[PDB]
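In what follows, a structure is listed as structure tokens, so that the remarks can point back to it.
With ideal geometry, Cβ positions are generated from the backbone for all residues, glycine too; neighbour counts draw on all protein chains shown. Bear in mind these aren't lab numbers, they're just calculated from the coordinates by the rules spelled out.
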Amino acid sequence: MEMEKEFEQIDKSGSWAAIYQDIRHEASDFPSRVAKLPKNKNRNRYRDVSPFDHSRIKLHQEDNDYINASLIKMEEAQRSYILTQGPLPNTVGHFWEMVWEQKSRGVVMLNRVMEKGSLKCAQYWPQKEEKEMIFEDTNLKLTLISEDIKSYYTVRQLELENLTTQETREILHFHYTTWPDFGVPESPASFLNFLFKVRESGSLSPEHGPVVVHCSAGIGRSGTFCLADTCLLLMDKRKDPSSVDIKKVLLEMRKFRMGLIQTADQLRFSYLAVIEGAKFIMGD
Ligand SMILES: FC(F)(F)[C@@H]1CCNCCN1
């Protein structure tokens, strides 16, 4: 069923809450035993948000291999994403270690460091060229190279150095800065513009490791980003784009990380973004 028609039908009936709860009821349930070990309590921002054991990213060290991060692998779309929480004061070094080990080109950030008067994630990147950051626990150095500030999003060029081998790589930081403190954006136009800037960079492409995507918990806004991307890619590959069922794509993605899309308003916004984006490239 064409999703645009399904959209108007849910909107006229006002059943967004009922559709959303059916998703929550059908979603996969897999064990998260590593996340709940007592040695890992200060590695988790939220007690109710854990990576499944089968899909979790492992750090390459014998000490403790645990990070709150999952590999979302879409088989038919041929895209991989890492979804993670906003780093904590004691996990900033783990975060950059993961970026290095997985060969990521891009980091996508969908939150501000402070929202609603509270800290949502650590200041994990340098703000001035001449004041670089050293993570002594993981032996990495991070330098700000350049910064391009726009109305809806900032792009930064960073240099990550493995202090052990003296290899360096360029990492692109894509920071969406205007998601509101409450609710979802009224129009998906600036979110879709941001997604197409990440794509154009090469960060989502198979010659690199998976893109690292985060918000505060790594399930809500982060979920919106990868669901919209995958749905538009499927519409460009399939003989009939109207076959693309966003609820079925979301359930597949929820086999890899719990809780993706946190509210009925985030679900509605995901439909809006896919419907509008399909036009962006629909003999347009
Ligand atoms: F679930 C499905 F709708 F069947 C597809 C197919 C495969 N790729 C990821 C999600 N979409």
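Things to note:
- Here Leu163, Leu172 are screened, and the one residue that is without any contact (Cβ under 8 Å) to a residue 60 or more places away in the chain and in contact with a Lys or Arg (Cβ under 7 Å, 6 or more places away or on another chain) is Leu163.
- Scanning region 237-284 for residues that are within 14 Å of the ligand (Cβ to nearest atom), touching a helix residue (DSSP H, G or I) at 6+ places or on another chain (Cβ under 9 Å) and assigned to a helix (DSSP H, G or I) yields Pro241, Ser242, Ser243, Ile246, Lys247, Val249, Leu250, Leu251, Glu252, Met253, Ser270, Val274.
- Taking first residues from region 59-82 that are acidic (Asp, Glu) and partners that are part of a strand (DSSP E or B), the Cβ contacts under 8 Å between residues at least 6 apart in sequence or on separate chains come to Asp65/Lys58.
- Taken over region 18-53, the criterion of being touching a helix residue (DSSP H, G or I) at 6+ places or on another chain (Cβ under 9 Å), of a type in the set (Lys, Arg) and touching a residue at least 40 places away in the same chain (Cβ under 8 Å) is satisfied by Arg43 alone.
- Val211 being in contact (Cβ under 8 Å) with a residue 60 or more places away in the chain, touching a strand residue (DSSP E or B) at 6+ places or on another chain (Cβ under 9 Å), within 15 Å of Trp96 (Cα to Cα) and not acidic (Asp, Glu): yes
- Residue check for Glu101: closer than 19 Å to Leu172 by Cβ, of a type outside the set (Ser, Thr, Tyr) and either in contact with a helix residue (DSSP H, G or I) (Cβ under 8 Å, 6 or more places away or on another chain) or surrounded by fewer than 22 Cβ atoms within 10 Å (Cβ to Cβ) (or both): yes
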